[PDB]
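*Asks:* Structure in structure tokens, see below.
Positions of Cβ are generated from backbone atoms using ideal geometry, with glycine treated the same way; all protein chains shown enter the neighbour counts. Derivation of every value follows stated rules applied to the coordinates shown; laboratory data play no part.
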Amino acid sequence: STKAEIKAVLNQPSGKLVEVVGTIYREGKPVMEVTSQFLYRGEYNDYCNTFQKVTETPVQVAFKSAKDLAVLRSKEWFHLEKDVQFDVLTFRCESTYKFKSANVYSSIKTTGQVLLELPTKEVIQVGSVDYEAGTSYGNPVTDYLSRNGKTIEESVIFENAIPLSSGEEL
Amino acid sequence: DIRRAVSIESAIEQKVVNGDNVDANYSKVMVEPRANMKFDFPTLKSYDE
């Protein structure tokens, strides 16, 4: 069977992009995901029915000094539910944008989980992230994660790529 | 240091949300001073004075 949900509907300068992801199932268990991407070429200013749902790159912020722990604890969008000391925290988050013009976001709902790596290799969620605003110009949680922490990146790149086969046999 | 860093963080958070286009308008346009070389003949008092 097949289940698919629509993610991105945004009025680009070139038209109305539409992204859909299809989680294909097999006896209930999902097997693979297909992400397609169309484009209603042309021009569209329906900034009301446009939106976007994106999952954030899991960022790993490291707390070393004592202000850092207070830095984010000041962030009303940050909200920890366990009073356990932590050294480094991984932030796995997702957002939901709703646009009002080319670049103003009529709404941002960005919820996500903060995770702590124990020496027992058991990862326990310290708390949640709950941001919510209107008519904004960026996702503060993502920005704060970017400059103050590095992401758990998976696509590690060589400094020099290698050609697999050389010639015209392709 | 924490009152410094939390201030910096909440400043930049606002500069992102509100956008960097209005935050410059919160900083008041101060006035640069020039020199005002006059010549200023000695000041005449009033007659009755």
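*Asks:* Please work out if B:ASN21 is of a type outside the set (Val, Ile, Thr), without any contact (Cβ under 8 Å) to a residue 24 or more places away in the chain, in a loop (DSSP other than H, G, I, E, B) and within 12 Å of chain A (Cβ to nearest Cβ).
*Replies:* Working: of a type outside the set (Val, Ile, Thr): yes; without any contact (Cβ under 8 Å) to a residue 24 or more places away in the chain: yes; in a loop (DSSP other than H, G, I, E, B): yes; within 12 Å of chain A (Cβ to nearest Cβ): yes.
In short, yes.
*Asks:* Separate question: Would segment A:46-61 turn up any residue that is out of contact with any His (no Cβ under 7 Å at 6 or more places or on another chain), within 14 Å of chain B (Cβ to nearest Cβ) and buried (at least 17 other Cβ atoms within 10 Å of the Cβ)?
*Replies:* First, pick out the residues of segment A:46-61 that are out of contact with any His (no Cβ under 7 Å at 6 or more places or on another chain): A:46-61.
Cutting the leftovers down to within 14 Å of chain B (Cβ to nearest Cβ) gives us A:61.
The next check asks that each one be buried (at least 17 other Cβ atoms within 10 Å of the Cβ); those that pass are A:61.
Within segment A:46-61 (the criterion being out of contact with any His (no Cβ under 7 Å at 6 or more places or on another chain), within 14 Å of chain B (Cβ to nearest Cβ) and buried (at least 17 other Cβ atoms within 10 Å of the Cβ)), the answer is yes, since at least one residue qualifies.
*Asks:* Please enumerate the residues belonging to segment A:104-132 that are within 14 Å of chain B (Cβ to nearest Cβ) and among the polar types (S, T, N, Q).
*Replies:* A:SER106, A:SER107, A:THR110
*Asks:* Looking at segment A:136-157, I want the residues that are part of a helix (DSSP H, G or I) and have a partner that is basic (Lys, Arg) with Cβ atoms under 9 Å, at least 6 apart or on another chain. Which pairs are those?
*Replies:* Correct list of pairs: A:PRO140/A:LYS75; A:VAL141/A:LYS75; A:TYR144/A:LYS75.
Every residue, every condition in (1) within 13 Å of chain B (Cβ to nearest Cβ); (2) touching a helix residue (DSSP H, G or I) at 6+ places or on another chain (Cβ under 6 Å); (3) farther than 27 Å from B:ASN18 by Cβ; (4) acidic (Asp, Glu), yes or no:
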| position | (1), (2), (3), (4) |
| --- | --- |
| A:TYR97 | no, no, no, no |
| A:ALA102 | yes, no, no, no |
| A:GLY134 | yes, no, no, no |
| A:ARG147 | yes, no, no, no |
| A:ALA161 | no, no, yes, no |
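*Asks:* Would you point out which residue out of A:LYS82, A:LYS75, A:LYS67 is in contact with an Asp or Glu (Cβ under 9 Å, 6 or more places away or on another chain), surrounded by 11 or more Cβ atoms within 10 Å (Cβ to Cβ) and in contact (Cβ under 8 Å) with a residue 24 or more places away in the chain?
*Replies:* Of the residues listed, the single one that is in contact with an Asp or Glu (Cβ under 9 Å, 6 or more places away or on another chain), surrounded by 11 or more Cβ atoms within 10 Å (Cβ to Cβ) and in contact (Cβ under 8 Å) with a residue 24 or more places away in the chain is A:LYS75.
*Asks:* From A:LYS3, A:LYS64, grab the single residue that is of a type in the set (D, E, K, R) and not in a loop (DSSP other than H, G, I, E, B).
*Replies:* Criteria check complete, one pass: A:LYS3.
*Asks:* Any idea which of B:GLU9, B:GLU13 is touching a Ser or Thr at 6+ places or on another chain (Cβ under 8 Å), surrounded by 10 or more Cβ atoms within 10 Å (Cβ to Cβ) and without any contact (Cβ under 8 Å) to a residue 12 or more places away in the chain? Break it down into steps so the answer makes sense when it comes.
*Replies:* Working: B:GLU13 fails: touching a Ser or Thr at 6+ places or on another chain (Cβ under 8 Å).
That would be B:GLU9, the only listed residue that is touching a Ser or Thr at 6+ places or on another chain (Cβ under 8 Å), surrounded by 10 or more Cβ atoms within 10 Å (Cβ to Cβ) and without any contact (Cβ under 8 Å) to a residue 12 or more places away in the chain.
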